[PDB]
There are 2 protein chains.
Amino acid sequence: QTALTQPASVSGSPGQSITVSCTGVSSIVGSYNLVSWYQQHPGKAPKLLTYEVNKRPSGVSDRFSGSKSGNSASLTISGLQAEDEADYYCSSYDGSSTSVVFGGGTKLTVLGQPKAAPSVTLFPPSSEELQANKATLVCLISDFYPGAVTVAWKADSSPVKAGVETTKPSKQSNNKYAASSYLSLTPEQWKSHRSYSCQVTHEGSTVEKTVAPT
Amino acid sequence: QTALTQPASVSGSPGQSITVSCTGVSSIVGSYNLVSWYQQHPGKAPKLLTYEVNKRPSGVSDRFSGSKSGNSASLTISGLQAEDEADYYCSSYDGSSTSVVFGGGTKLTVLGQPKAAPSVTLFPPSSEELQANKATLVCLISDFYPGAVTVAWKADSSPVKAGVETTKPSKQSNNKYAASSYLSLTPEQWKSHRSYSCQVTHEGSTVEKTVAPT
């Protein structure tokens, strides 16, 4: 199909400014300065950032400004913040008699955010769960960055190679990631060992937490 | 109130047909018949399925058809295929901002296995954690399908607001989903209450677990 031309991706560090161009914008009939830019975060609907080239709806920071020059429009984001990491789209009320054309989209990555070691919290099975004749251990891994992490389990000092489920890291409200790994055991397995351990490896450093029956 | 409103999610089996609704089109000034539906697969730009209510662009199967009756517009998909699982957005041209406005999105799941309700295990704060002035509660939500849930916390009948984080559902090895919601609090407020409840709502049905200091 037809789309406005945008670069596929752009990146910058916090505090910097990024300009995203959108070409093919010139209308074919009336001088349409009807260019709008949208921001889209994963799993959410596109949000309007600017319209009629440079107007901002209420609630949108003035760090976002649009402009237009000939067959091209631009969106500049001043003072880049981690929350700006998202996809951006321009759109134009094209010469296609009563028709709107959209851009292919630009993915903005905010580089250079500080590394954060993960907080690791290990939970032993609850009394409630033991009474249902089941035992689950959960290793909660939070506030880390970058979002890649390796998780391993030990029963005493030996590797546990079955019953381990680890979720994919997801960004949370503070722009850092969280994930959890759980190990399902029988109550007999849990009591037949002196301790279990969750080892988390993040950017070369490994942290280990241990828990014992009580 | 959103200008356009649609169900958050719907699911259907392969072979059937389902209809996704969108309300609010008549109150958008200057919308006339500029109603479009977009389909969006993860990591990709939205793809136009229908425009001007019922026209289809080149390459869109005739399994997709749109309709508008008053303040509602609808997208009907017949002969559901696995590849139709995606997010669907209705939208409309808004004369007030000379821009396209989007509905909130509808996540459509094509049921590839039976619907599975979630196992919910709630964990109270680990001892070595309170020992260091932190009190995290973890609500583990596993083995559910489709992959979407809402989670609510209650600190003694009173809805909990701040300090809640829930991860985006992740597909595990058995092909079902898992997620966790943790609540961060101070040991003080942990003991300042009698019970804590984790309420998980999935496909209209809601389960609740509770823990109490001990």
Side-chain angles (χ1 to χ4, degrees), chain A residues 2-4 22 24-40 44-60 64-68 71 73 75 88-103 105, chain B residues 2-7 19-40 45-57 60 64-76 87-106:
Chain A
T2 308
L4 302 172
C22 171
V25 113
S26 191
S27 181
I28 306 171
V29 51
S31 289
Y32 285 130
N33 263 2
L34 301 220
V35 180
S36 301
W37 287 89
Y38 299 77
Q39 176 187 66
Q40 185 183 39
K44 296 204 273 63
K47 179 215 221 105
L48 181 64
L49 290 173
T50 75
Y51 66 96
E52 267 154 52
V53 177
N54 53 48
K55 302 190 190 165
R56 287 183 307 274
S58 301
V60 170
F64 289 97
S65 76
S67 51
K68 157 160 195 174
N71 189 44
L75 169 69
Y88 295 82
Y89 295 92
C90 52
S91 73
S92 181
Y93 216 63
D94 199 21
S96 219
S97 289
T98 303
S99 198
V100 65
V101 49
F102 269 80
Chain B
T2 32
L4 295 170
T5 314
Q6 33 180 147
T19 287
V20 178
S21 278
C22 169
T23 292
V25 300
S26 292
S27 58
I28 291 173
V29 181
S31 54
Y32 289 112
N33 72 343
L34 296 308
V35 178
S36 306
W37 286 86
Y38 293 83
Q39 168 189 71
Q40 184 176 37
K47 164 165 173 238
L48 182 69
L49 297 170
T50 67
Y51 63 103
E52 298 198 7
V53 181
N54 63 184
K55 310 225 212 317
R56 288 182 284 104
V60 178
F64 296 102
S65 63
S67 58
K68 191 262 195 83
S69 185
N71 200 38
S72 296
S74 276
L75 174 70
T76 295
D87 290 313
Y88 292 77
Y89 295 98
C90 56
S91 68
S92 164
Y93 180 70
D94 182 343
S96 93
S97 72
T98 68
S99 297
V100 158
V101 173
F102 290 85
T106 300

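Below, chain A is the first sequence line, B the second, and so on; all start at residue 1. These numbers come from the heavy atoms of this one structure, side chains and all, not from hydrogens, waters or symmetry mates.
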Is the number of heavy atoms from other residues, nucleotides or ligands under 6.0 Å of A:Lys68 NZ greater than 12?
->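 Enclosed: over 12 neighbouring heavy atoms sit under 6.0 Å from NZ of A:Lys68.
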
Work out which heavy atom in [X] is nearest to a heavy atom in [Y]; give both atom names and the distance.
X       : Y       : value
B:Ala73 : B:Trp37 : O-CZ2, 3.9 Å
B:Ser92 : B:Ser31 : OG-CB, 3.2 Å
B:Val25 : B:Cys22 : CG1-SG, 4.5 Å
A:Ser27 : A:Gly95 : OG-N, 3.6 Å
B:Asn54 : B:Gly66 : CB-O, 3.5 Å

Distance check, rounded to the nearest 0.5 Å: [X] atom [atom1] versus [Y] atom [atom2]?
X       : Y       : atom1 : atom2 : answer
A:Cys90 : A:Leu4  : SG    : CG    : 4.5 Å
B:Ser97 : A:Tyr51 : OG    : OH    : 6.5 Å
B:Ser65 : B:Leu75 : OG    : CG    : 7.0 Å
B:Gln6  : B:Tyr88 : CD    : OH    : 12.0 Å
B:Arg56 : B:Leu49 : CZ    : CG    : 10.5 Å

Any side-chain to backbone donor/acceptor pair from [X] onto [Y]? Under 3.5 Å, distance only.
X       : Y        : answer
B:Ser72 : B:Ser69  : no
B:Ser74 : B:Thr19  : no
B:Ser91 : B:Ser36  : yes
A:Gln40 : A:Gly105 : no
B:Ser26 : B:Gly70  : yes

Non-hydrogen side-chain atoms of [X] and [Y] separated by less than 4.5 Å:
X       : Y        : answer
A:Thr98 : B:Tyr32  : no
B:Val60 : B:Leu48  : no
A:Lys55 : A:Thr50  : no
A:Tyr38 : B:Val100 : yes

Kindly assign one of parallel, tilted or perpendicular to the pair B:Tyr89 and B:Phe102, based on the angle between their ring planes and the thresholds 30° and 60°.
->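 Ring orientation of B:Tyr89 relative to B:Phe102: perpendicular.
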
Are A:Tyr93 and B:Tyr93 an aromatic pair by the rule of ring centers under 6.0 Å?
->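 Between A:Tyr93 and B:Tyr93, the centre distance is under 6.0 Å.
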
Test B:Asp94 against B:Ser96 for side-chain hydrogen bond (donor to acceptor under 3.5 Å, both in side chains), laying out the working first.
-> CA-CA 5 Å; B:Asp94 182 343; B:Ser96 93; 3.1 Å; yes

